Structures are given as structure tokens and as C-alpha cells.
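Each chain, written out:
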Amino acid sequence: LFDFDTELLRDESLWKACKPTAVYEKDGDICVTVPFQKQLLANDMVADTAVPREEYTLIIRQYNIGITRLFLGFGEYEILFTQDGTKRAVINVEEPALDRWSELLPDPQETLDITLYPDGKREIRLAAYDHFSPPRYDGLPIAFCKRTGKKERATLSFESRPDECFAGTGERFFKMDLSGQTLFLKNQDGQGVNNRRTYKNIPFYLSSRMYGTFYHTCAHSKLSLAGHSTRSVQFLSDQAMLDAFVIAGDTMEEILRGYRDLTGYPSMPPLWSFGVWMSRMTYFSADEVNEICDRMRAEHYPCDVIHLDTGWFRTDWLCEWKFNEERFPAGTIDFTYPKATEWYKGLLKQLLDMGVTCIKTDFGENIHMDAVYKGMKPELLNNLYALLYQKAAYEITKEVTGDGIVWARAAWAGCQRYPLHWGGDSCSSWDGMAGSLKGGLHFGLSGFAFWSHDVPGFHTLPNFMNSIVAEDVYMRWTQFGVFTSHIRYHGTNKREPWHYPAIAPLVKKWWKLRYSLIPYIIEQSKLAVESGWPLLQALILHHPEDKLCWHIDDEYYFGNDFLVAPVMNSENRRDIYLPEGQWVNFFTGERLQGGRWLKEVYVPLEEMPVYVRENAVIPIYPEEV
């Protein structure tokens, strides 16, 4: 992960952390440890003694709600008791003796051993002994690198057990458990929803040992979640600055709730945002949209939003507000330039004055890395950009609208303040459906509340723009879509129901359901905006002590009372795991026993597997609209 070598003739060196040469407080009741960091002799791995060792201060800060902030500015930036003790950490009193009968191998170098007990009952400690013989280290608890005198690539590592499982890190399109994945925490255009290119990175993971870690960074980063070492969660930042928040909890919702405490809570999206969104890449004419609008109503298709994409300008994908020749209704922007921000806020201001109520803040995963911005260096602004980017259009939108709403595709830590964020460009296939769902689940487990996805998948295969969607996929995504925070029909080709007969009747009945459930969605979200919960919730948020659930990415909770296990098949059959509970089918009130498997269940095309708890009480609008 520390990398390094090409072909191993670069001015670069690694500086390992050692036993603290002093520990003290504070003076803010924040203990500060000064560990020596000595260079190693250029891989791998012996100590280089021609060069002295460099001390830096590890200041540790405890917080009112079971959070422990590890910090180490290096240069550059800026037993343990809780006045109640309640211990919170233990730096190691060494003397690791011993016995001795050789010989072949020398004593290992000294390492920085610390354990952390945020809630006084956790047990997350630094990977201070992840090595073989002294020449072979597959993990470093703390360490950094120099590149031609320039300091960089600081690394923090924790220990993990064999059976530990992880989640979060943003909208990661992989399975429930990420326990061999080394992640490039670096936002990218995914160009699909089934690979490692990731639209929304977040320096945050959850653990089955029931803690979280927020890495307060916005530099390009690596996060091996037991990927390289089978014993280590390893973080890497290019920045040479460690600021790690360690969040304990007794429920997963506690941990997420504290994450929000640190980085902001989501606002409540407006009521109109919860109705269905029709869209396409792209409409052009006004009469084009008018005909569609007028007919959904005529046909009684309960729809709330029409979106206008890459084609309401003079020329399609050529943005410039302006707004085409339909009459009535290159360079990156420097959001570190508190002026250009008012200018971009200026552009949105015209559009908002007209009647538009939301803005699609597409892109922002990449920036012109070969430019000079009026603030941070490109290598730092890039990931933070989705925050600044979406903050501006959110802020301005609220100033005019009175509503904080943004439709955003990129994200970083802090972007959960500004609802909402959609699943990207998924493939209209069962792989995009399942891949997309993975995304929303890790996204809900990364401090967000409101997540969406293009229905039914963004693009068809093969032939991005000209293939057929397949009613099969359509209907089963529409279902999945209804039971998600936001529902939006969008993509490369016609999305309107009347283009998919024989399903179009049902699609209409399934839009009528969406409106019959708006109240329930609102009440759950009104609770979400105030807590660590998401609308789309992995089963571990309710069942963290059930091992199966840490491996289910095909089922989920919608709100607090709804279990969703979607059919992502053409064969129209699937298996469903009911977790602990007395369960009731939402469409066929069938009392389902317990915490067991429903095997080879046939689901008709008209129906999705949906369950409520025996009892429960779920709002609904009993009248069409």
C-alpha cells in the first residue's frame, strides 16, 4: 500500500514509529504523546541509523459521546483516564521478554503500541506487531514517508480479528462485507455500477466489532479493510496528516449517529421530492415535455417531477444555463475562490428564479488537476470538491426555493448534509440492479439518509443508446424503486410507461402505491434527519449479532418497519431470509414464522417480497392524487 519503487530508484524513504519518548497532558485534557520516528534503510526492512530519528506529537482527544480522536500533524498542522476513569487508552510499558535461544533473527525494532477504549468497553488497538521476522512488516501502526525531503503518505493501522466484517466507505458497489478490499479513497466517474471505480468515496468504515472510524482527510487515500494484511485495517493518506475519529457504539445506529455529530446531519427534503421523477438523457423541446406531462395525468400516472438533462441548451451536452431556443419555460470552477462561488451561485440564481426547484449537480469527482486554485493544492481540493460543489448549489437553492435540495452524483465526507444523491449510471440489467443496491447500502452505512438510483438502470447493453430496456427488468426495478428514499426514471432511452405496454398498467398501480406510502416515508425520514438512520438500511442496522446479515446485500429495511427482498431475476424465483421477528407479508398478510430462510419462493411479476412486523402501524394516503 505504501508505494514506492519504480524501479526503486526514487528519492523516497519510510519512517517507522517507535516507543514514545514522552507522554503528557495537555493542556485541554487532551493527552499528547511524542513518539520517535526513525527512517528505514530503503526497503526492506532495516533501520537506517546514519539518519537521526524525528519526533512528532500524537495528541489524543476524548469526546462527550464515546469518540476518541487520534491526531498527528507531523510538521505541519493541528493509561488514560476520563476524569472518572473509565480508561480510554493504554500506551505500552514494554519489556517484551522473552527467553532467548537464538540467534538466527535479531530482536524486532521498537513499535508504537496503543489500545483505545472510546466507550471504555471497545478494544480497538494499533497494529503494532504486524510483522514476520524483523525484515518483513505487512503493517505499520503509525508511519510516514519522505519524497525528496517532502513529507507524505502517513499511515495509520488498527488490528482486526479473522471474522471481522466491514461496511460503508461511501457508495461502494461491493458485497455487504468488505474484508479483503483495499480501497482507493478517491472519487471517480464509475462508468457503470459494477466495478471499483466509485462515484462516492467516504473516509469511513463500520466494524462488526461495533465501532466506526472517520478519517478526517480529503487527500487521496488508501484504505485496506483487511485487504493486504488479513490482520489489519490500514489507512493511507498522501497528505502526511492523520486525524482519526474512533466512534464506539452499542448499535450500529449509534455509530452512524455520532458520525453525523461530527460532520453534519441531513436536512429534510421537501414534500414534492418524494413523488416520482420522470426524466431522460435527453429531452429538448418544451412541447416534447408538455406532451409527456399532459399524458401521464390524462392516463393518471401519479408523477411529481420532470427532469431536464444534457439538452436544454444551444447544443446538448454544452452547459451554460442560458436555456436553448424553446422560448419561455475546458476549465473547472474554483469553489475555493469565495467569489467564483458567488458567480456559480449567480448562474443557479437565474434558473431558480424561473421556477426550477432542484439542480442536478452532476460530476465533481474530477477536477483539472493541472491548474492553480485560490486555495488548497489540487491534490487536496479534488475529493473535498463534492462538498464545496454541492454546498453552493444547496445553499443558493434554499435561499430562493426555501428548500435545501440538490441532485448530486459525487460525494465526500460532509456531503450528507445536502440531500440527495443518486446511484450513478447503472446498467439496465440484474447486475446494475444488485450492484446499485450494494451501493445504497454502504451509502446508508456511510452517514447518508437519502439515496436514489436511475430506474430501471441508466443504460442498456450492448449499445448504450439504442438497445431495449426489457419489461422484465423494468417492473422489478420500479418495485425496488418505490421502496427507496427517492424514485427517478432516467436514462439513455425512453422511460415513459406507455413505451412498455403489458407492464404499463402495473407500473401505474405501483406509482399509486408510492403515493399511498409517502406519509410513511416522510415520518421515517423526519426521524432520519435527526439521527444516524438511513431510509435504505442494511439488515445489520437491526441485526448486528446475526452473522448471516453481515453477508446479505440483496435484502434491506425501508424505513423501520419494512423488509425488502427484491426479485432481481428473469426466472421470477428467489430465496428470502427472514431475520428474527414475527413477519407479515405486506400484500398478502401471511403470518411468517421467524428467523429462517424462504427457499425458492416464486414471486409473480406484479409483486415484490415485502414484510412488516406483526403489529406495526404504517401511514398512508387513502386517496388518489
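Now for a description of the structure that goes with this document.

What counts, and at which threshold
- Throughout, residue numbers begin from 1 within each chain and advance along the sequence as written. They need not agree with those in the entry, and any residue without coordinates is left out.
- No hydrogens and no water enter the side-chain calculation; it runs on all heavy atoms of the structure.
- Residues with missing side-chain atoms are left out of burial classes, side-chain pairs and their counts.
- Put simply, two rings from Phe, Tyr or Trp (the six-membered ring, in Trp's case) pair if the centres are within 6.5 Å, and we call them stacked under 30 degrees between planes, edge-to-face over 60, tilted for the rest.
- In this description a helix means any DSSP run of H or I spanning at least four residues, a strand means any run of E spanning at least two, and both kinds are numbered starting from the N terminus.
- Only protein chains enter the calculation, and the probe is 1.4 Å; a residue is then buried if its accessible area is under 20% of its type maximum, exposed if over 50%, and partly exposed in between.
- One fewer than the residue count of a helix, multiplied by 1.5 Å, yields its expected span.
- For helices, the fitted axis covers only the stretch in contact; all axes are lines through C-alpha atoms, and the angles between them, taken along N-to-C directions, range from 0 to 180 degrees.
- Reported orientations rely on four angle classes, namely roughly parallel under 35 degrees, roughly antiparallel over 145, roughly perpendicular from 65 to 115, and oblique for the rest.
- The sense of a crossing depends on the near helix, which, turned anticlockwise from the far helix by less than a right angle, makes the crossing left-handed and, turned clockwise, makes it right-handed.
- The contact rule is simple, with two residues in contact once any of their heavy atoms fall within 4.5 Å.
- Polar here means any residue other than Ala, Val, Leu, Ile, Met, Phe, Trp, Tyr, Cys and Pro, which are nonpolar, and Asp, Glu, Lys and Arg, which are charged; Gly is therefore polar.

So, the packing of aromatic side chains
Item 1. According to the stated counting rule, one finds 41 aromatic pairs in the structure shown.
Item 2. Arranged with centres 5.5 Å apart and planes meeting at 90°, the rings of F166 and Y205 form a pair that is edge-to-face. In this pair, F166 is assigned in strand β12 (residues 166-170) and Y205 in strand β14 (residues 201-207), connecting sequence segments 39 residues apart. This pair shows no difference in class: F166 is buried, exactly as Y205 is.
Item 3. Ring centres of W312 and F313 lie 4.4 Å apart, and the angle between their planes is 35°; this geometry places the pair in the tilted category.

Brief notes about unusual backbone geometry
Item 1. For the bond from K26 to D27, the omega torsion is 5°, close enough to zero to count as cis.
Item 2. The amide bond that connects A97 to the next residue, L98, takes the cis arrangement and shows omega of -5°.
Item 3. In this structure, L98 sits in the loop between β7 (87-91) and β8 (114-116).
Item 4. With a phi close to 65°, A240 is a non-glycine residue in the positive phi region.
Item 5. By secondary structure assignment, the location of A240 is in the loop between β17 (232-237) and β18 (242-248).
Item 6. Exposure remark for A240: the relative accessible area of 4% places this residue in the buried category.

Focus: helix α6 (residues 471-482)
For an α-helix, 3.6 residues make a turn, and residues three or four places apart therefore share a direction.
Item 1. With 12 residues, α6 extends 16 Å between its outermost C-alpha atoms, agreeing within 8% with the 16 Å of an ideal straight helix rising 1.5 Å per residue.
Item 2. Of all the 12 residues making up α6, 10 are buried; the element is thus mostly covered by neighbouring parts of the structure.

Description of the packing of helix α5 (residues 430-444) against α6
Helices that pack against each other are described as a pair by the angle of their axes relative to one another and the distance between those axes.
Item 1. In the contact formed by α5 and α6, the axes pass within 10 Å of each other and the chain directions differ by 15°. In terms of orientation, α5 lies roughly parallel with respect to α6. The interaxial crossing formed by α5 with α6 has right-handed handedness. Contacts between α5 and α6 involve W430, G432, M433, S436 and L437 on the former and, on the latter, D472, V473, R476, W477 and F480.
Item 2. Taken together, the residues of the contact of α5 with α6 break down into six nonpolar, two polar and two charged.

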